[PDB]
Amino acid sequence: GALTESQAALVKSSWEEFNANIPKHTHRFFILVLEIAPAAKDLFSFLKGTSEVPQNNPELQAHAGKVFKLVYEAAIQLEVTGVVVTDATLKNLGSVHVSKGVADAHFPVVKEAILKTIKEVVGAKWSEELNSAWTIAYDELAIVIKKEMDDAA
């Protein structure tokens, strides 16, 4: 696809839409995760011991917000510059995932959970050209974190 000026404009616009409702989009995102894969629950400190996904847990919200921010920032950086840049933060991210027991086959779980989350977020504006734009940005960012986990292990 690339990342035409016209595609990037379409990711920005759809991220602004996501941030606009963190407690919803973030608890949604954790349920689409547990639907695709239920066992994933024991991994998360704030989900252990619970029977259901807490809806107002600040620990969970702050956690899932930081996740989507990082995908969007990736798309713009691809249209301007042509790439996704690896920094300290992406590296520390790779360590914590490993401590907690996370693996690569967990990633399509979270991608489908994010495309389905953004198709749910943009509704009728959805275009091929947009799906094509977030797919390219997640795929490009996951490539980068998987790379750093492997390195934290």
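If you superpose the two forms and keep the largest set of C-alpha atoms that fall within 1.5 Å, you have the rigid core. A residue's number is simply how far along the shown sequence it sits, counting from 1.
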### Task
Going by root mean square C-alpha distance after a core fit, say whether 46-54 or 60-68 is farther from the shown form in 8 other deposited structures of this protein.
46-54
### Task
Please work out which of 26-34 and 48-56 has the higher mean CA B-factor as recorded in the PDB entry.
48-56
### Message
I need to verify one thing: averaged over C-alpha atoms only, is the B-factor higher for 134-142 or for 5-13?
### Response
5-13
### Query
Reading the B-factor column of the entry, which of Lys66, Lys100, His106, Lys111 has the highest value at its C-alpha atom?
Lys100
#### Entry: Options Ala124, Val121, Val96, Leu115 - largest CA temperature factor per the record
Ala124
